[PDB]
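Worksheet for the structure shown next.
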Amino acid sequence: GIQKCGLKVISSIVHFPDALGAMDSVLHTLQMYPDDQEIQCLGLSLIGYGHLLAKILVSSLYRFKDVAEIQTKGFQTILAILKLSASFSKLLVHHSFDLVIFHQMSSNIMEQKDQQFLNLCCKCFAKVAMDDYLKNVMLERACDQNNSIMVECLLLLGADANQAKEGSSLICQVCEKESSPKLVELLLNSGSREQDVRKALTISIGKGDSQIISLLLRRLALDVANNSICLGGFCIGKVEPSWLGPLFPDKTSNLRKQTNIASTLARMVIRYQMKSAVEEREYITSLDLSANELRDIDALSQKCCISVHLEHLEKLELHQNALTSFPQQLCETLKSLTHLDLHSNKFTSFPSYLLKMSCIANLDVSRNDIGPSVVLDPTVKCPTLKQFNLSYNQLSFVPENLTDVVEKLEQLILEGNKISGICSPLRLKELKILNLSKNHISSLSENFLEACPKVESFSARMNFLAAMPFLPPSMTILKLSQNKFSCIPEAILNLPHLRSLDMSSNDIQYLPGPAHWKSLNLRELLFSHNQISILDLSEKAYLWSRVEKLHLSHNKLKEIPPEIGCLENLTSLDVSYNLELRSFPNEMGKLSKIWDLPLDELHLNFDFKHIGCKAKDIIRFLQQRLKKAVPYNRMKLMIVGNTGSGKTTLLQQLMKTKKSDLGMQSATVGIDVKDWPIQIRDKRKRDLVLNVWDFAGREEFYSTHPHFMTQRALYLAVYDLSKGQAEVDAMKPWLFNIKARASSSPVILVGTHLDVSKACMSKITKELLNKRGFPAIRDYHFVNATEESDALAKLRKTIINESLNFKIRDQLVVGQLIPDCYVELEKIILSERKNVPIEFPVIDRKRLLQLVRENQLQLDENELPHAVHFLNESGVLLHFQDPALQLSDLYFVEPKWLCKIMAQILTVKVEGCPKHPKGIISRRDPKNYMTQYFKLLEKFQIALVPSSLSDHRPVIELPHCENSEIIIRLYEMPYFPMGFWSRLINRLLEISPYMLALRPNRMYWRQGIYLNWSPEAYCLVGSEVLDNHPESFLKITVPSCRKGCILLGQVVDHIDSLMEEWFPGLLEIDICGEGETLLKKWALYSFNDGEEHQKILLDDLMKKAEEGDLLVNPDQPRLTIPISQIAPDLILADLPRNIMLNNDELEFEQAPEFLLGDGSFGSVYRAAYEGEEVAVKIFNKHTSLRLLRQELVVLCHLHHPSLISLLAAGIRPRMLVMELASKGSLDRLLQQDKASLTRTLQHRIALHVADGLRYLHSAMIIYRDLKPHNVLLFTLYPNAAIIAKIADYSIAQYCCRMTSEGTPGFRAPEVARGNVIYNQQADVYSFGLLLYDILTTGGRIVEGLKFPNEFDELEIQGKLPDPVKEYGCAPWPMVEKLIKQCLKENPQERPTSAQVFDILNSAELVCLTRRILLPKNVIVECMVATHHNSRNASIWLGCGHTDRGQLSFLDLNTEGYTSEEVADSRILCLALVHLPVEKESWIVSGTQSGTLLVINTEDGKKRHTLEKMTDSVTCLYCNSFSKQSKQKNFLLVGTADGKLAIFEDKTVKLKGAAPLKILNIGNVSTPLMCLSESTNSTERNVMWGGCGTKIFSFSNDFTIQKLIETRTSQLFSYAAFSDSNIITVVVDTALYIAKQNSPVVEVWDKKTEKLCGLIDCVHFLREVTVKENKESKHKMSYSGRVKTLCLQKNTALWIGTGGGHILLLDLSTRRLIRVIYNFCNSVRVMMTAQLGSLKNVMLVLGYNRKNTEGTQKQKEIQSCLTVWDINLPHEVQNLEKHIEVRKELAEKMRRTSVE
Ligand SMILES: Nc1ncnc2c1ncn2[C@@H]1O[C@H](COP(=O)(O)OP(=O)(O)OP(=O)(O)O)[C@@H](O)[C@H]1O
Ligand SMILES: Nc1nc2c(ncn2[C@@H]2O[C@H](COP(=O)(O)OP(=O)(O)O)[C@@H](O)[C@H]2O)c(=O)[nH]1
């Protein structure tokens, strides 16, 4: 017990002699003598002179929480420790330091004048929370224990609240700990992601809390600005009024301000941190309850707390719930419901008391299981109902008393039911859209529609119908598809207003000519799937001049009559799948409006589908065939041999080359193209000229031949018969190649030696050769091939007769008709062949385009791309339109040069040094031609020489070859086609980023690659033949691990996308005989894993059919192999493993259509997956498995939060799972829910679409079709995370199967003409059109649905009208500039997608409501609004451009500027006094001459001059001073001497009224320059005016009760900033001051009257204006001075700089929010107001001056009035949060692509 004296003497001695292992003992003595207060302090005060220090400090301070000021000693010790070793805070916070510091800063220190201690404590905490992680852990450790004050103080200091665990983060735990609602309200109102709030919602549903949910919902589902409750997607199993209670608004909500404790603490901590850092009604209507699986809603049918808000509901949604029997009490409580839709619920009978609501419409119960009869109560009258939707129930009879109940019904929908018997009269008076589709209706009673004289859209599909009951003469749209009709009945022929007729799928016989329709306004005639033989139109065609769509597909058509050219307005003709047309009439060329015209499954009189043929080229072609056509006489006679033959020695005698001057020719290089014409001296003068291509036979060029083997050809073939019956076998590779490349081309075998002998090989040529997989042999001769003889003349005659009768698809190719333009261009190319340099006969596009100008060819830029191609086919000039092959500008005339050049490197060998392995080479050679040489070889992939490359295969020893880890898939085919491997080993080669950029070391011989990354990732695409096999197998070995399969699925894809691209004859099922298919893609597997001695063959087709299961097994079913080990491509297991279907969880029923709700009779259904809702997209039989697999590989790696993300994909059936967009596409939204778009959701959709485009264009892929049908919303709650999402299946479907021009209306100008290839600047134009249709809310779409030709051609140039003048809409004029930017014709003048997103992100785009350009050179220093008229307001202005008085009226909705001189002296400021009697509001004129002039609002003549003051009046005000037990008001005229002229509200009418109580306040040289009023009305409107430099205040006394001075400041940094004239003052919890040229505001107070704050402007400007403003370095004499103040209610304070800037200061916690520059030049006057029920706007009267004539010392002023949305300070930070959240989501989604 002696330690006390010891420590006392140590404390005495540690001070005087400057003392120098004591600390260990003084630490231990605490634990040896604990709890003794007298020695605790003696120790701690000495510690200020191993974490045991912390371990004993925190525990001591905890055990001595509030004893006395030993806490002062301990905290002094801690601070002394930190200021030398700051990292000790990491250990303090580690042990317990929060448990003591929170109790300290919460031990009722407020109201305790112990501030000297709290200052120390906060100074310490400011350093404890230096590191960000320390803050984020102090927050976590402050949220467990319920401590609202400290958790808010920690939030005001940063310390984000979305970092704890991201699945069990702050709120996720806080909701479990039964926290206080005030604690959750602080986490929510600060930064907090949505996905965690949604999880916490469920947790707090688990418990019963009526204030933690009601605060979670208010941030999850409440669009307060739009009066909505978007509670849809939540799986809230129940609904309680105690939850929605505080959601509804109520006026009685008003509170005190007690959180200022947290503000004080946070500001003191921040101050110490900085000092340490620098030195050292409005009833809401929409109530959405869609996805909440409500099993009953009776909880609302009580007398609950919200039973008063329901009487103004006006919309209620309950669709997709599990309800039943809508409660009786409810449907009577809400007496203003006008949109009740509840479908997909499990109802059982239509209540029929639902109609007992007062004013209802759009009653929608349209997926329930309503019973057979729906008998309606004959005593309830509901004449308000419009749309009685009842689709997809189990009805057996039309509603019973429909007539006498709903008279004014408009669209009775009854589809999907089973209405069976012949219906009833149904005398409804106001129907407009009937609907009875998919019922079982045999026939209608012939008086059915006889009494509904307004029907317009009768739609009865899929019935069993044969007759029509006298349709009313007002019929417009009539859909009768899938009926069982035979003839268009007379009831449809006689409708004098018909406008559309959908009668597909009926076995019709007679489509009547236009002389039987009696309706001059046909627009659409859909007639697919019928049996229509004739297309009678010759009768009278011009009556149909308006038919815009004529679908005749799948009929028995024979020809299209030539009268079809009269229907000029025809837009989309369809005659596909007829298979018996065979010819198009040349009159179709006049249908200039056709934009799509399919050619599926029919053969015509021309070659189409080249790379274009987009239904627009066909119109030009058939129009040019209308000018003048000439038969085309030219074919290709390709020769083929092998390395020795009569090829160049037989050709010389076919063409009868008389000279043969070359005494001895040599082997051919290349192909040696020639021409030879045959003017047949006969009765027929057809001078056919066919160009032979005498291919080279030497075995080294073979990989370049398959380029020049086309289908329009009549191949020869030569044996060199000298080697009898041995070459016929040795020549079969050539015939096989001919069959592979050009299946439908003949052959003429020619044994080319009889001068030397064994011609019995005719037997073998007849037995093995004629009809076994080989092409259609058409003859076989035995020429001599050196001299003319009858045998060779018979060969010439055979060639003649075969060419003139080639006739593919019965077309007679050598005599088809073509436009004269092509023959003309051909003659010009032949004439120009003679005038080109031999060393470089290439021609550039410009020179040819000059040749056509020289001639009179009528070809335009849209004509040549077909012209040169059709002249390319005929072998006249070679052109390569492959865009990847960047040489499309070159036009190779005389191909016999290019073909010899491309083959000259393949013969130059080196007899030097073989330093490189055989086949690899470097660049060894002329002037700039050598570069293009191997820029063409590589373009042909012949570059590394894939020819002459190591024929011998090297023995490679793969690591794993144990019959169980290897996957093999043979490819048995008769022979390798000619240019197969050099094509194949060049497609697998250049794919380096496998396993996606790590390339493997490859060792490739001629016929194999073996690229290996490692023993687990390799691939050997070999080439060997089994024993006893005349074929050649392509073994592909791959390790069966998961990584390996990717390789397998990627190589089978390359070897299939090649075979159908180059050799379509192989994989062509020869139905004749048997489907040998010429390509047996075997698969190898063995049940006995390892040492099975064999792998059992199994055709891949026959195995594909065994996909009903997943296991393959022999006839002995005990052991089995999974399919995913023998063919991992058929099962989608090669692609990222996350996209396997997992059918055990996918709950989905294709068969029903009421689940097809996604899209009107589309193909995508709605289903459940992983217990969640998704949208599966069933494909039809068209999409082959390979093509679906090809689209999935590109779809699987987009993964953006603005793109429909893939979820699964499988077989049984071929489906595709994607995310479900709840609110459907956008076009339906803006077509039927136009009141939902709310000027901040219209912006969120645009932002999300711009983000989608900015991400697509990053991956170098353009969308090509962006229209309101491809934008799929997800929720209508604006401040959400994911709202819009562009459907991305289209881009994959295109990039795989290459509508390519886009929808007509939503299409760029560069895209409609099609002349040029597109760019990222076409999606931007389409996005601009999307923005114009969002702004006008789909006005252009609706109007263009009746003017499509003008819906397209008006916008095909950048000439679309003004969104405002045409369609009524809010101007929102910071996007009309964005539109006028994105709607330019020059593509690179349109902003790229990154900009159009980065200028959509600006939060002054969503808040600038309208900018109003004042007239040129109008100077106004005073404005005033009109608020007593809430219908429209006006802004009376003054005049500064004249020294004579003039007030300037200005309306707002009309922008009608009215000028009226009303005085003789410059006006300074105004005020608007309203008088509640006589219904007017007089306006005042304060003039510099001193006359107070007043004029009335309506009459501009009842003007009377008030009492004249002394000097220039400077400020006025209209008060709220009703202290006489009634309503009363004054006017406070403040002269430039202080003599405040007060008045009375009604005496102002008096000529020269009485200034009531005039007080001389200041001096004539101390000018009054402001006047204002308190913020609340509780203090009885205490007025606070500035005066010169003297600030005062008063009340109903009108006497100075405060005369505070501001010049006398003890915070002098500069004098004139404080010693200058005051400008404005605003009154709140503090006082804010503005002075002339004073760039700083001084925060004064009411009571203490002290400088509570000094807030500089450029201390915010010069922190953003650092790098973006470089010239400002010489601008040290900075401009920008406070010219005005205006305080938002309690959120922020707006400071207008003298420059063009405007500040947003959150007065409460954080100062700078944003700086909104570059919209004006001087914010001269700023005020708040209310405009047309959209109250709370912030007027800003800016300037705009241009130095056009600044040299004349004159400036061109443009006073730019704007109208900001006062909710801007919330918007800017909410958007800053919403963008960061989507960045964080795009990152998490980009991590999913990795794994
Ligand atoms: N993920 C989704 N969520 C919600 N709705 C969707 C989704 N995907 C598509 N839809 C809707 O389904 C409808 C059908 O879309 P689809 O892609 O089949 O159109 P389409 O390709 O033009 O049809 P078709 O191929 O028959 O011409 C569209 O109207 C679209 O709004
Ligand atoms: N003696 C003789 N020689 C022939 C006959 N037919 C072709 N040839 C020879 O075949 C050679 C033609 O070369 P060719 O094989 O066509 O060149 P390649 O096809 O491009 O490889 C000539 O040199 C002729 O000598 C023939 O009937 N009699």
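Identifiers in this document derive from the order of the structure tokens: chains are assigned A, B, ..., residues are numbered from 1 separately in each chain, and ligands are numbered from 1 in order of occurrence.
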At a cut-off of 12 Å, using only C-alpha atoms, what residues contact residue A:99? Leave out same-chain residues fewer than 4 positions from it and give the result as a VMD selection string.
chain A and resid 58 to 65 92 to 95 103 to 106 138 141 to 145 147 150
Would you pick out the contacts of residue A:676 at 7 Å or less, using only C-alpha atoms, so that residues sharing its chain but fewer than 2 positions from it are not included, and give the list as an MDAnalysis selection string?
chainID A and resid 655 674 678 689:691
Could you turn the residues from that selection into a file that holds N, CA and C atoms, as a short mmCIF file (atom, residue, chain, number, x, y, z; two decimals), in the first residue's frame?
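Written output follows (selection33.cif):
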data_model
loop_
_atom_site.label_atom_id
_atom_site.label_comp_id
_atom_site.auth_asym_id
_atom_site.auth_seq_id
_atom_site.Cartn_x
_atom_site.Cartn_y
_atom_site.Cartn_z
N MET A 655 -10.09 -24.72 -128.62
CA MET A 655 -10.17 -23.38 -129.17
C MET A 655 -9.60 -23.29 -130.57
N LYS A 674 -8.18 -18.14 -119.80
CA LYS A 674 -8.31 -17.68 -121.17
C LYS A 674 -9.75 -17.29 -121.46
N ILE A 678 -17.59 -18.51 -129.21
CA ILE A 678 -18.10 -19.43 -130.24
C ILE A 678 -19.31 -18.75 -130.88
N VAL A 689 -19.67 -17.16 -125.05
CA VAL A 689 -18.23 -17.08 -124.89
C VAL A 689 -17.90 -17.52 -123.47
N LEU A 690 -17.32 -18.71 -123.35
CA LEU A 690 -17.03 -19.30 -122.06
C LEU A 690 -15.52 -19.32 -121.84
N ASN A 691 -15.10 -18.92 -120.64
CA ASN A 691 -13.70 -18.76 -120.31
C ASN A 691 -13.19 -20.00 -119.60
#
Residues within 10 Å of ligand 1 should be enumerated using only C-alpha atoms and all ligand atoms and returned as an mmCIF file with N, CA and C atoms, in the first residue's frame.
data_model
loop_
_atom_site.group_PDB
_atom_site.id
_atom_site.type_symbol
_atom_site.label_atom_id
_atom_site.label_comp_id
_atom_site.auth_asym_id
_atom_site.auth_seq_id
_atom_site.Cartn_x
_atom_site.Cartn_y
_atom_site.Cartn_z
ATOM 1 N N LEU A 1156 -47.326 -17.391 -72.059
ATOM 2 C CA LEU A 1156 -46.613 -16.676 -73.108
ATOM 3 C C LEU A 1156 -46.743 -15.167 -72.962
ATOM 4 N N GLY A 1157 -47.282 -14.699 -71.835
ATOM 5 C CA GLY A 1157 -47.577 -13.297 -71.603
ATOM 6 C C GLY A 1157 -46.513 -12.331 -72.078
ATOM 7 N N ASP A 1158 -45.257 -12.765 -72.049
ATOM 8 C CA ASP A 1158 -44.189 -11.983 -72.652
ATOM 9 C C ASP A 1158 -44.370 -11.944 -74.163
ATOM 10 N N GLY A 1159 -44.818 -10.806 -74.685
ATOM 11 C CA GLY A 1159 -44.977 -10.642 -76.115
ATOM 12 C C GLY A 1159 -46.268 -11.214 -76.658
ATOM 13 N N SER A 1160 -46.921 -10.476 -77.554
ATOM 14 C CA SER A 1160 -48.170 -10.923 -78.163
ATOM 15 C C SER A 1160 -47.879 -12.005 -79.197
ATOM 16 N N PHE A 1161 -48.352 -13.221 -78.925
ATOM 17 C CA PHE A 1161 -48.135 -14.412 -79.759
ATOM 18 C C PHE A 1161 -46.717 -14.463 -80.334
ATOM 19 N N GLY A 1162 -45.738 -14.226 -79.464
ATOM 20 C CA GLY A 1162 -44.347 -14.335 -79.856
ATOM 21 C C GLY A 1162 -43.821 -15.748 -79.715
ATOM 22 N N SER A 1163 -42.622 -15.891 -79.153
ATOM 23 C CA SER A 1163 -42.049 -17.202 -78.876
ATOM 24 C C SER A 1163 -41.428 -17.323 -77.495
ATOM 25 N N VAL A 1164 -41.194 -16.222 -76.793
ATOM 26 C CA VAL A 1164 -40.632 -16.248 -75.449
ATOM 27 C C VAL A 1164 -41.761 -16.383 -74.437
ATOM 28 N N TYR A 1165 -41.619 -17.331 -73.520
ATOM 29 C CA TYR A 1165 -42.604 -17.562 -72.480
ATOM 30 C C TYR A 1165 -42.096 -17.007 -71.154
ATOM 31 N N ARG A 1166 -42.857 -17.240 -70.090
ATOM 32 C CA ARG A 1166 -42.467 -16.867 -68.741
ATOM 33 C C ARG A 1166 -42.490 -18.112 -67.872
ATOM 34 N N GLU A 1173 -38.301 -15.949 -60.969
ATOM 35 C CA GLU A 1173 -38.993 -15.792 -62.240
ATOM 36 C C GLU A 1173 -38.002 -15.436 -63.341
ATOM 37 N N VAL A 1174 -38.088 -16.151 -64.460
ATOM 38 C CA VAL A 1174 -37.257 -15.920 -65.629
ATOM 39 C C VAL A 1174 -38.152 -15.930 -66.863
ATOM 40 N N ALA A 1175 -37.532 -15.763 -68.029
ATOM 41 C CA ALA A 1175 -38.243 -15.748 -69.305
ATOM 42 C C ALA A 1175 -37.502 -16.651 -70.284
ATOM 43 N N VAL A 1176 -38.006 -17.865 -70.472
ATOM 44 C CA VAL A 1176 -37.400 -18.804 -71.406
ATOM 45 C C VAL A 1176 -37.846 -18.465 -72.819
ATOM 46 N N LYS A 1177 -36.978 -18.730 -73.790
ATOM 47 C CA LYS A 1177 -37.226 -18.369 -75.185
ATOM 48 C C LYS A 1177 -37.123 -19.627 -76.037
ATOM 49 N N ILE A 1178 -38.242 -20.333 -76.181
ATOM 50 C CA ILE A 1178 -38.274 -21.540 -76.994
ATOM 51 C C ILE A 1178 -37.949 -21.192 -78.438
ATOM 52 N N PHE A 1179 -37.029 -21.943 -79.034
ATOM 53 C CA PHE A 1179 -36.724 -21.802 -80.450
ATOM 54 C C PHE A 1179 -37.512 -22.819 -81.260
ATOM 55 N N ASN A 1180 -37.796 -22.471 -82.509
ATOM 56 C CA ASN A 1180 -38.435 -23.402 -83.427
ATOM 57 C C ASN A 1180 -37.380 -24.351 -83.996
ATOM 58 N N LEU A 1203 -27.661 -5.075 -69.986
ATOM 59 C CA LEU A 1203 -27.788 -6.058 -71.051
ATOM 60 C C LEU A 1203 -28.458 -7.289 -70.472
ATOM 61 N N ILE A 1204 -29.455 -7.816 -71.179
ATOM 62 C CA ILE A 1204 -30.136 -9.025 -70.734
ATOM 63 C C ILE A 1204 -29.101 -10.131 -70.611
ATOM 64 N N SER A 1205 -28.861 -10.586 -69.387
ATOM 65 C CA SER A 1205 -27.782 -11.516 -69.094
ATOM 66 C C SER A 1205 -28.267 -12.948 -69.249
ATOM 67 N N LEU A 1206 -27.396 -13.801 -69.774
ATOM 68 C CA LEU A 1206 -27.747 -15.198 -69.945
ATOM 69 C C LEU A 1206 -27.793 -15.908 -68.596
ATOM 70 N N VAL A 1217 -32.743 -19.518 -71.507
ATOM 71 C CA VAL A 1217 -33.242 -18.816 -70.330
ATOM 72 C C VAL A 1217 -32.526 -17.483 -70.200
ATOM 73 N N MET A 1218 -33.290 -16.427 -69.940
ATOM 74 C CA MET A 1218 -32.736 -15.094 -69.755
ATOM 75 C C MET A 1218 -33.500 -14.417 -68.622
ATOM 76 N N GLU A 1219 -33.103 -13.193 -68.292
ATOM 77 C CA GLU A 1219 -33.765 -12.457 -67.227
ATOM 78 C C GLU A 1219 -35.133 -11.971 -67.684
ATOM 79 N N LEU A 1220 -36.060 -11.885 -66.735
ATOM 80 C CA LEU A 1220 -37.440 -11.507 -67.022
ATOM 81 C C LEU A 1220 -37.624 -10.023 -66.736
ATOM 82 N N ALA A 1221 -37.874 -9.246 -67.785
ATOM 83 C CA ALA A 1221 -38.176 -7.824 -67.642
ATOM 84 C C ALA A 1221 -39.634 -7.679 -67.228
ATOM 85 N N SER A 1222 -39.855 -7.368 -65.950
ATOM 86 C CA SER A 1222 -41.201 -7.391 -65.383
ATOM 87 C C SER A 1222 -42.157 -6.502 -66.166
ATOM 88 N N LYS A 1223 -41.808 -5.230 -66.334
ATOM 89 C CA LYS A 1223 -42.716 -4.258 -66.924
ATOM 90 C C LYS A 1223 -42.730 -4.294 -68.446
ATOM 91 N N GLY A 1224 -42.192 -5.344 -69.057
ATOM 92 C CA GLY A 1224 -42.299 -5.515 -70.493
ATOM 93 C C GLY A 1224 -41.535 -4.460 -71.271
ATOM 94 N N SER A 1225 -41.659 -4.551 -72.593
ATOM 95 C CA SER A 1225 -40.953 -3.648 -73.484
ATOM 96 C C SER A 1225 -41.414 -2.207 -73.274
ATOM 97 N N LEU A 1226 -40.684 -1.282 -73.894
ATOM 98 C CA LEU A 1226 -40.933 0.136 -73.671
ATOM 99 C C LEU A 1226 -42.068 0.662 -74.542
ATOM 100 N N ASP A 1227 -42.213 0.136 -75.761
ATOM 101 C CA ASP A 1227 -43.231 0.671 -76.658
ATOM 102 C C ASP A 1227 -44.633 0.463 -76.105
ATOM 103 N N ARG A 1228 -44.918 -0.720 -75.556
ATOM 104 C CA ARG A 1228 -46.202 -0.920 -74.895
ATOM 105 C C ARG A 1228 -46.382 0.043 -73.732
ATOM 106 N N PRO A 1268 -37.844 1.458 -79.341
ATOM 107 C CA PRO A 1268 -38.538 1.300 -78.055
ATOM 108 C C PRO A 1268 -39.097 -0.091 -77.810
ATOM 109 N N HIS A 1269 -38.989 -0.978 -78.789
ATOM 110 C CA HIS A 1269 -39.369 -2.361 -78.572
ATOM 111 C C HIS A 1269 -38.211 -3.207 -78.065
ATOM 112 N N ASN A 1270 -36.982 -2.713 -78.182
ATOM 113 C CA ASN A 1270 -35.803 -3.415 -77.701
ATOM 114 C C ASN A 1270 -35.295 -2.882 -76.371
ATOM 115 N N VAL A 1271 -36.054 -2.026 -75.699
ATOM 116 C CA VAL A 1271 -35.703 -1.544 -74.369
ATOM 117 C C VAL A 1271 -36.692 -2.143 -73.382
ATOM 118 N N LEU A 1272 -36.216 -3.061 -72.553
ATOM 119 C CA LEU A 1272 -37.061 -3.841 -71.655
ATOM 120 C C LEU A 1272 -36.873 -3.323 -70.235
ATOM 121 N N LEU A 1273 -37.843 -2.550 -69.756
ATOM 122 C CA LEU A 1273 -37.779 -2.028 -68.402
ATOM 123 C C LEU A 1273 -37.884 -3.153 -67.379
ATOM 124 N N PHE A 1274 -37.468 -2.848 -66.152
ATOM 125 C CA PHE A 1274 -37.547 -3.794 -65.052
ATOM 126 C C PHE A 1274 -38.374 -3.301 -63.881
ATOM 127 N N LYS A 1285 -32.849 -2.254 -69.949
ATOM 128 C CA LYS A 1285 -31.916 -3.282 -70.397
ATOM 129 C C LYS A 1285 -32.241 -3.589 -71.850
ATOM 130 N N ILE A 1286 -31.303 -3.320 -72.748
ATOM 131 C CA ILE A 1286 -31.533 -3.566 -74.165
ATOM 132 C C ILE A 1286 -31.397 -5.057 -74.445
ATOM 133 N N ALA A 1287 -32.384 -5.619 -75.137
ATOM 134 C CA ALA A 1287 -32.367 -7.038 -75.470
ATOM 135 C C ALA A 1287 -31.201 -7.329 -76.403
ATOM 136 N N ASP A 1288 -30.311 -8.222 -75.983
ATOM 137 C CA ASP A 1288 -29.052 -8.439 -76.677
ATOM 138 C C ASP A 1288 -29.009 -9.734 -77.471
ATOM 139 N N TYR A 1289 -30.131 -10.438 -77.614
ATOM 140 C CA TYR A 1289 -30.117 -11.623 -78.464
ATOM 141 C C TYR A 1289 -29.955 -11.252 -79.931
ATOM 142 N N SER A 1290 -30.380 -10.045 -80.311
ATOM 143 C CA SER A 1290 -30.337 -9.632 -81.708
ATOM 144 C C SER A 1290 -28.906 -9.574 -82.230
ATOM 145 N N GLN A 1293 -27.603 -13.106 -82.718
ATOM 146 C CA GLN A 1293 -28.288 -13.679 -83.868
ATOM 147 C C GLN A 1293 -27.794 -13.101 -85.186
#
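Secondary structure of stretch 1330-1359 of chain A, alpha helix (DSSP H) only (DSSP, backbone atoms): residues 1330, 1331, 1332, 1333, 1334, 1335, 1339, 1340, 1341, 1342, 1343, 1344, 1348, 1349, 1350, 1351, 1352 and 1353 of chain A.
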Contacts of stretch 991-1006 of chain A at 6 Å or less, counting only C-alpha atoms, minus same-chain residues fewer than 2 places along, as a PDB file with C-alpha atoms, in the first residue's frame?
ATOM      1  CA  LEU A 949       5.429 -28.288 -95.263  1.00  0.00           C
ATOM      2  CA  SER A 950       6.732 -31.540 -93.791  1.00  0.00           C
ATOM      3  CA  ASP A 951       4.383 -34.138 -95.252  1.00  0.00           C
ATOM      4  CA  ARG A 953       3.978 -36.550 -89.555  1.00  0.00           C
ATOM      5  CA  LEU A 988      -7.191 -23.222 -85.774  1.00  0.00           C
ATOM      6  CA  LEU A 989      -3.838 -21.425 -86.004  1.00  0.00           C
ATOM      7  CA  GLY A1008      -1.873 -31.762 -88.080  1.00  0.00           C
ATOM      8  CA  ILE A1009      -1.225 -29.084 -85.516  1.00  0.00           C
ATOM      9  CA  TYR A1010      -0.691 -30.302 -81.927  1.00  0.00           C
ATOM     10  CA  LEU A1011      -0.863 -27.015 -80.074  1.00  0.00           C
ATOM     11  CA  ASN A1012      -0.264 -27.756 -76.385  1.00  0.00           C
ATOM     12  CA  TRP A1013      -0.366 -25.423 -73.399  1.00  0.00           C
TER      13      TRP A1013
END
For ligand 2, list the contacting residues at 8 Å or closer, counting only C-alpha atoms and all ligand atoms, as a PyMOL selection string.
chain A and resi 640-650+664-669+694-698+720+752-756+783-786
Mind the document's chain letters and residue numbers, and return as a count of residues only the residues of stretch 1399-1570 of chain A that DSSP labels strand (DSSP E).
40
Interface rows for stretch 1530-1609 of chain A against stretch 1688-1704 of chain A: nearest pair, Å to one decimal, 12 Å, only C-alpha atoms, as a tab-separated table:
residue	atom	partner	partner_atom	distance
A:1574	CA	A:1689	CA	11.5
A:1575	CA	A:1689	CA	8.0
A:1576	CA	A:1689	CA	9.8
Give me, as a list in words, all polymer residues having an atom no more than 8 Å from stretch 1681-1687 of chain A, counting only C-alpha atoms and skipping those fewer than 6 positions away in the same chain.
residues 1623, 1624, 1625, 1626, 1634, 1635, 1636, 1637, 1638, 1639, 1640, 1641, 1657, 1693, 1694, 1695, 1696, 1697, 1698, 1699, 1723, 1724, 1725, 1726, 1727 and 1728 of chain A
